[PDB]
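This is protein-v7.cif (mmCIF, C-alpha atoms).
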data_upload
#
loop_
_atom_site.label_atom_id
_atom_site.label_comp_id
_atom_site.auth_asym_id
_atom_site.auth_seq_id
_atom_site.Cartn_x
_atom_site.Cartn_y
_atom_site.Cartn_z
CA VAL H 3 14.25 10.59 -3.77
CA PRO H 4 14.16 13.55 -1.32
CA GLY H 5 13.25 12.49 2.22
CA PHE H 6 14.03 8.80 1.63
CA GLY H 7 17.35 7.28 2.72
CA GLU H 8 16.44 3.77 3.83
CA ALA H 9 13.94 1.70 1.88
CA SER H 10 12.92 3.18 -1.49
CA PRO H 11 9.23 3.96 -2.01
CA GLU H 12 9.25 1.07 -4.50
CA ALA H 13 10.55 -1.40 -1.91
CA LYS H 14 8.01 -0.10 0.59
CA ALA H 15 5.18 -0.52 -1.90
CA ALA H 16 6.65 -3.92 -2.84
CA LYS H 17 6.47 -5.21 0.76
CA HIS H 18 2.88 -3.92 1.08
CA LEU H 19 1.94 -5.78 -2.12
CA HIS H 20 3.64 -8.97 -0.85
CA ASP H 21 1.48 -8.88 2.30
CA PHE H 22 -1.56 -7.90 0.24
CA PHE H 23 -0.97 -10.96 -2.01
CA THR H 24 -0.79 -13.25 1.05
CA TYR H 25 -4.18 -11.89 2.06
CA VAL H 26 -5.69 -12.35 -1.42
CA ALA H 27 -4.31 -15.92 -1.45
CA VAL H 28 -5.93 -16.71 1.88
CA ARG H 29 -9.25 -15.41 0.58
CA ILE H 30 -8.78 -17.44 -2.62
CA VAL H 31 -7.80 -20.71 -0.88
CA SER H 32 -10.63 -20.15 1.62
CA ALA H 33 -13.18 -19.93 -1.18
CA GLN H 34 -11.93 -23.12 -2.87
CA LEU H 35 -12.31 -24.94 0.44
CA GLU H 36 -15.93 -24.03 1.12
CA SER H 37 -17.34 -26.91 -0.98
CA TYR H 38 -14.27 -29.07 -1.65
CA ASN H 39 -13.44 -29.70 2.03
CA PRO H 40 -15.70 -27.88 4.50
CA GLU H 41 -14.00 -29.69 7.40
CA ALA H 42 -10.80 -27.90 6.35
CA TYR H 43 -12.70 -24.68 5.61
CA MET H 44 -13.95 -24.68 9.22
CA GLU H 45 -10.43 -25.27 10.55
CA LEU H 46 -9.06 -22.42 8.40
CA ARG H 47 -11.92 -20.26 9.68
CA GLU H 48 -11.02 -21.21 13.26
CA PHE H 49 -7.31 -20.36 12.72
CA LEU H 50 -8.10 -16.94 11.22
CA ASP H 51 -9.95 -15.90 14.42
CA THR H 52 -6.88 -15.93 16.61
CA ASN H 53 -4.29 -15.38 13.89
CA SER H 54 -3.75 -12.23 11.90
CA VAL H 55 -2.99 -12.14 8.18
CA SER H 56 -1.39 -8.65 8.72
CA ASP H 57 2.29 -9.64 8.94
CA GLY H 58 1.53 -12.35 6.39
CA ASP H 59 4.77 -14.30 6.65
CA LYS H 60 4.46 -14.50 10.44
CA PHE H 61 0.89 -15.73 9.90
CA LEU H 62 2.12 -18.40 7.45
CA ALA H 63 5.03 -19.47 9.66
CA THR H 64 2.55 -19.91 12.48
CA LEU H 65 0.09 -21.73 10.25
CA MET H 66 2.54 -24.35 9.13
CA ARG H 67 3.71 -25.09 12.65
CA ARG H 68 0.08 -25.55 13.74
CA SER H 69 -0.19 -29.12 12.43
CA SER H 70 0.95 -31.23 9.49
CA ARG H 71 -2.34 -30.57 7.67
CA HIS H 72 -2.18 -26.85 8.47
CA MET H 73 1.34 -27.03 7.02
CA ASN H 74 -0.17 -28.38 3.83
CA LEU H 75 -2.61 -25.44 3.88
CA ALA H 76 0.28 -22.98 4.22
CA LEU H 77 2.04 -24.60 1.24
CA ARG H 78 -1.14 -24.22 -0.80
CA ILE H 79 -1.39 -20.51 0.11
CA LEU H 80 2.29 -20.11 -0.74
CA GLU H 81 1.64 -21.59 -4.20
CA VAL H 82 -1.61 -19.67 -4.79
CA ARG H 83 -0.12 -16.30 -3.71
CA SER H 84 2.75 -16.88 -6.13
CA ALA H 85 0.47 -17.81 -9.02
CA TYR H 86 -1.96 -14.95 -8.37
CA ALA H 87 0.72 -12.26 -8.28
CA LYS H 88 2.74 -13.52 -11.25
CA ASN H 89 -0.18 -14.59 -13.43
CA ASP H 90 -3.58 -13.15 -12.53
CA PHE H 91 -3.13 -9.79 -10.78
CA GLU H 92 -3.65 -7.03 -13.34
CA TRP H 93 -0.58 -4.91 -12.62
CA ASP H 94 -1.07 -2.34 -15.37
CA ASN H 95 -4.74 -2.01 -14.54
CA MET H 96 -3.66 -1.30 -10.92
CA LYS H 97 -1.28 1.40 -12.16
CA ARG H 98 -4.03 2.93 -14.32
CA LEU H 99 -6.48 3.03 -11.43
CA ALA H 100 -3.90 4.67 -9.15
CA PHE H 101 -3.34 7.39 -11.73
CA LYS H 102 -7.06 7.84 -12.00
CA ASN H 103 -7.34 8.05 -8.18
CA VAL H 104 -4.63 10.70 -8.00
CA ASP H 105 -6.09 12.67 -10.93
CA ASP H 106 -9.64 12.50 -9.56
CA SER H 107 -8.43 13.37 -6.05
CA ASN H 108 -6.68 16.50 -7.41
CA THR H 109 -9.82 17.49 -9.27
CA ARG H 110 -12.19 16.91 -6.37
CA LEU H 111 -10.02 18.70 -3.77
CA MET H 112 -9.81 21.83 -5.95
CA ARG H 113 -13.48 21.74 -6.99
CA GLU H 114 -14.83 21.39 -3.43
CA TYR H 115 -12.48 24.06 -2.24
CA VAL H 116 -13.58 26.56 -4.89
CA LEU H 117 -17.25 25.74 -4.39
CA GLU H 118 -17.31 26.11 -0.62
CA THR H 119 -15.37 29.38 -0.56
CA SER H 120 -17.95 31.52 -2.38
CA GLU N 8 -17.21 -5.70 -4.51
CA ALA N 9 -13.93 -3.78 -4.90
CA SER N 10 -11.28 -5.61 -6.95
CA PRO N 11 -7.80 -6.38 -5.61
CA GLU N 12 -6.34 -4.04 -8.27
CA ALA N 13 -8.71 -1.28 -7.12
CA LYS N 14 -7.93 -1.86 -3.44
CA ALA N 15 -4.23 -1.76 -4.26
CA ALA N 16 -4.71 1.49 -6.24
CA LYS N 17 -6.51 3.23 -3.32
CA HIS N 18 -3.59 2.30 -1.05
CA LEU N 19 -1.09 3.59 -3.59
CA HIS N 20 -2.96 6.91 -3.91
CA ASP N 21 -2.62 7.48 -0.15
CA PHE N 22 0.93 6.19 -0.22
CA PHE N 23 1.79 8.76 -2.90
CA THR N 24 0.32 11.51 -0.66
CA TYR N 25 2.67 10.28 2.04
CA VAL N 26 5.66 10.23 -0.33
CA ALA N 27 4.83 13.72 -1.65
CA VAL N 28 4.70 15.14 1.88
CA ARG N 29 8.08 13.56 2.60
CA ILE N 30 9.59 14.93 -0.62
CA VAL N 31 8.12 18.38 -0.06
CA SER N 32 9.26 18.43 3.57
CA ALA N 33 12.83 17.53 2.54
CA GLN N 34 12.93 20.21 -0.18
CA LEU N 35 11.59 22.85 2.18
CA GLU N 36 14.29 21.96 4.72
CA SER N 37 16.93 22.95 2.11
CA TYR N 38 15.01 25.71 0.27
CA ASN N 39 12.55 27.30 2.73
CA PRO N 40 13.32 26.94 6.48
CA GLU N 41 10.23 28.89 7.66
CA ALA N 42 7.84 26.90 5.42
CA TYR N 43 9.52 23.71 6.57
CA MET N 44 8.64 24.68 10.16
CA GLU N 45 5.00 25.46 9.34
CA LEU N 46 4.56 22.07 7.61
CA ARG N 47 6.23 20.34 10.56
CA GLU N 48 3.92 22.02 13.07
CA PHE N 49 0.91 21.14 10.97
CA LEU N 50 2.25 17.59 10.90
CA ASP N 51 2.27 17.62 14.73
CA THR N 52 -1.54 17.85 14.88
CA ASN N 53 -2.68 16.29 11.60
CA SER N 54 -2.01 12.80 10.30
CA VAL N 55 -0.89 12.24 6.73
CA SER N 56 -2.46 8.78 7.03
CA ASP N 57 -5.71 10.77 6.71
CA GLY N 58 -4.82 11.15 3.04
CA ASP N 59 -7.10 13.53 1.17
CA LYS N 60 -8.77 14.68 4.40
CA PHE N 61 -5.34 15.90 5.51
CA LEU N 62 -4.86 17.79 2.27
CA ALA N 63 -8.31 19.39 2.47
CA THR N 64 -7.63 20.58 6.04
CA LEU N 65 -4.18 21.88 4.99
CA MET N 66 -5.73 23.86 2.06
CA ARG N 67 -8.16 25.68 4.36
CA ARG N 68 -5.77 26.51 7.23
CA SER N 69 -4.42 29.71 5.56
CA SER N 70 -2.97 31.04 2.31
CA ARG N 71 0.50 29.88 3.35
CA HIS N 72 -0.85 26.38 4.11
CA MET N 73 -2.70 26.49 0.76
CA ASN N 74 0.68 27.00 -0.91
CA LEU N 75 1.98 23.96 0.92
CA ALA N 76 -1.06 21.95 -0.14
CA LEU N 77 -0.71 22.96 -3.85
CA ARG N 78 2.98 22.03 -3.86
CA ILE N 79 2.14 18.65 -2.30
CA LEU N 80 -0.57 18.01 -4.90
CA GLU N 81 1.76 18.92 -7.74
CA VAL N 82 4.59 16.77 -6.37
CA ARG N 83 2.23 13.85 -5.76
CA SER N 84 1.10 13.61 -9.40
CA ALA N 85 4.53 14.26 -10.93
CA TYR N 86 6.21 11.73 -8.66
CA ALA N 87 3.71 8.95 -9.37
CA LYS N 88 3.76 9.69 -13.11
CA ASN N 89 7.44 10.47 -13.79
CA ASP N 90 9.67 9.18 -11.03
CA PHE N 91 8.17 6.20 -9.22
CA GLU N 92 9.68 3.09 -10.76
CA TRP N 93 6.56 0.96 -11.33
CA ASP N 94 8.29 -1.92 -13.07
CA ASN N 95 10.98 -2.06 -10.43
CA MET N 96 8.35 -2.20 -7.63
CA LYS N 97 6.84 -5.12 -9.53
CA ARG N 98 10.20 -6.87 -9.88
CA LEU N 99 10.63 -6.25 -6.14
CA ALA N 100 7.20 -7.68 -5.34
CA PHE N 101 8.01 -10.82 -7.29
CA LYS N 102 11.36 -11.19 -5.52
CA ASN N 103 9.78 -10.66 -2.07
CA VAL N 104 7.32 -13.46 -2.73
CA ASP N 105 10.05 -15.77 -4.11
CA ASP N 106 12.44 -15.06 -1.24
CA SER N 107 9.60 -15.45 1.28
CA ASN N 108 8.63 -18.86 -0.09
CA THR N 109 12.23 -20.06 0.13
CA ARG N 110 12.82 -18.73 3.64
CA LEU N 111 9.51 -20.05 5.04
CA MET N 112 10.44 -23.49 3.67
CA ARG N 113 14.07 -23.57 4.79
CA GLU N 114 13.23 -22.37 8.30
CA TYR N 115 10.37 -24.84 8.86
CA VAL N 116 12.47 -27.96 8.06
CA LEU N 117 15.70 -26.56 9.54
#
Output the structure of this file as structure tokens.
Amino acid sequence: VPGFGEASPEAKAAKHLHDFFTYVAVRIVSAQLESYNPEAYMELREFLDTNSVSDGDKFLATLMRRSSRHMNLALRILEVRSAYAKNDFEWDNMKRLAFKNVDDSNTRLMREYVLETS
Amino acid sequence: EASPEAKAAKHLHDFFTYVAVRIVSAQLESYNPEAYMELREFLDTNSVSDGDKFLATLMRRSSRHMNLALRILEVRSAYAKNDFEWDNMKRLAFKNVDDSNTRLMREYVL
């Protein structure tokens, strides 16, 4: 692919999805906690304040070194992010929406251009 | 209320704009030195991370910049539809998550 000689665009997108899935998993596990263990929901909420999901593996590595019970929370998120990605995430729907976004973007850019230059 | 799939799709749309600008820039370096230089200068004062805003600004800068913008738009759709290996990216996502799980585990107890 012209202009790429390190990571492929696929690998780049792949790493972004990985981190995105960590973030989904944290939102998932957080939800499940809110009336199954609000003591643990509060603690997760406290950890999120000072800890960023952005580099998700660094966030998880930090989370499981926080305490033994935080470590158990990390292991839950690891399991949930695996299950979500491999089982629930609608990959082909994602692809379809991206095509629609690109198609609609093309259309809108051209339409607004033509309209405003007249 | 935006779904994960939809959030992921918005990111991929902007990502494909980025890829298309990179592809187009590379081709211009080989096939049109002057146009390469105009794109590069435009790139010095306009962020591709702006996505469609960037394209809209490019379109209106001049007729030469409009040609750049139309080539980028064409390359963006053709790349995403014909060339980008969607199933490979997926296999790579799965592998990243598997390898990450294993490494996080190994490193915590070792």
Checklist line | Residues within 12 Å of stretch 50-59 of chain N, only C-alpha atoms, excluding chain neighbours under 5 positions, as JSON, numbers by chain | finding: {"H": [103, 104, 106, 107, 108, 109, 110, 111, 112, 114], "N": [17, 18, 19, 20, 21, 22, 23, 24, 25, 26, 27, 28, 29, 32, 43, 44, 45, 64, 65, 66, 68, 72, 75, 76, 79, 80, 83]}
Can you write out the residues you just picked, keeping C-alpha atoms, as a PDB file, keeping the file's coordinate frame?
ATOM      1  CA  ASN H 103      -7.340   8.050  -8.180  1.00  0.00           C
ATOM      2  CA  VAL H 104      -4.630  10.700  -8.000  1.00  0.00           C
ATOM      3  CA  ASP H 106      -9.640  12.500  -9.560  1.00  0.00           C
ATOM      4  CA  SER H 107      -8.430  13.370  -6.050  1.00  0.00           C
ATOM      5  CA  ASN H 108      -6.680  16.500  -7.410  1.00  0.00           C
ATOM      6  CA  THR H 109      -9.820  17.490  -9.270  1.00  0.00           C
ATOM      7  CA  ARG H 110     -12.190  16.910  -6.370  1.00  0.00           C
ATOM      8  CA  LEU H 111     -10.020  18.700  -3.770  1.00  0.00           C
ATOM      9  CA  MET H 112      -9.810  21.830  -5.950  1.00  0.00           C
ATOM     10  CA  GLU H 114     -14.830  21.390  -3.430  1.00  0.00           C
TER      11      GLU H 114
ATOM     12  CA  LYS N  17      -6.510   3.230  -3.320  1.00  0.00           C
ATOM     13  CA  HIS N  18      -3.590   2.300  -1.050  1.00  0.00           C
ATOM     14  CA  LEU N  19      -1.090   3.590  -3.590  1.00  0.00           C
ATOM     15  CA  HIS N  20      -2.960   6.910  -3.910  1.00  0.00           C
ATOM     16  CA  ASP N  21      -2.620   7.480  -0.150  1.00  0.00           C
ATOM     17  CA  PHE N  22       0.930   6.190  -0.220  1.00  0.00           C
ATOM     18  CA  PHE N  23       1.790   8.760  -2.900  1.00  0.00           C
ATOM     19  CA  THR N  24       0.320  11.510  -0.660  1.00  0.00           C
ATOM     20  CA  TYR N  25       2.670  10.280   2.040  1.00  0.00           C
ATOM     21  CA  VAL N  26       5.660  10.230  -0.330  1.00  0.00           C
ATOM     22  CA  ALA N  27       4.830  13.720  -1.650  1.00  0.00           C
ATOM     23  CA  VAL N  28       4.700  15.140   1.880  1.00  0.00           C
ATOM     24  CA  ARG N  29       8.080  13.560   2.600  1.00  0.00           C
ATOM     25  CA  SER N  32       9.260  18.430   3.570  1.00  0.00           C
ATOM     26  CA  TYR N  43       9.520  23.710   6.570  1.00  0.00           C
ATOM     27  CA  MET N  44       8.640  24.680  10.160  1.00  0.00           C
ATOM     28  CA  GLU N  45       5.000  25.460   9.340  1.00  0.00           C
ATOM     29  CA  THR N  64      -7.630  20.580   6.040  1.00  0.00           C
ATOM     30  CA  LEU N  65      -4.180  21.880   4.990  1.00  0.00           C
ATOM     31  CA  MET N  66      -5.730  23.860   2.060  1.00  0.00           C
ATOM     32  CA  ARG N  68      -5.770  26.510   7.230  1.00  0.00           C
ATOM     33  CA  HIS N  72      -0.850  26.380   4.110  1.00  0.00           C
ATOM     34  CA  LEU N  75       1.980  23.960   0.920  1.00  0.00           C
ATOM     35  CA  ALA N  76      -1.060  21.950  -0.140  1.00  0.00           C
ATOM     36  CA  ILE N  79       2.140  18.650  -2.300  1.00  0.00           C
ATOM     37  CA  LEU N  80      -0.570  18.010  -4.900  1.00  0.00           C
ATOM     38  CA  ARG N  83       2.230  13.850  -5.760  1.00  0.00           C
TER      39      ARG N  83
END
Next item on the list: Please indicate the distance in Å from atom CA of residue H:26 to atom CA of residue N:95, rounded to one decimal place.
Entry: 21.6 Å
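The closest residue to chain N, picked from H:29, H:47, H:72, H:83 and counting only C-alpha atoms, is H:83.
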Notebook entry, point to check: Between atom CA of residue H:60 and atom CA of residue H:35, what is the spacing in Å?
Noted result: 22.1 Å
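Considering the residues H:75, H:85, H:28, H:13 and counting all atoms listed in the file, residue H:58 has its shortest atom-to-atom contact with H:28.
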Check: Which residues of chain H are close to chain N, meaning at most 8 Å apart when you count only C-alpha atoms, and how do they look as an MDAnalysis selection string?
Finding: chainID H and resid 3:6 11:13 15:17 19:20 26 59 62:63 66:67 80 84 87:88 91:93 95:97 99:101 103:105 107:108 111 115
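For the atom pair formed by atom CA of residue H:54 and atom CA of residue N:116, the distance is 22.9 Å, given to one decimal.
The residue that comes closest to residue H:18, out of H:65, H:56, H:94, H:32 and on the basis of all atoms listed in the file, is H:56.
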Margin query: Which residue is closest to residue H:76? Choose from H:52, H:64, H:34, H:119 and count only C-alpha atoms.
Written below: H:64
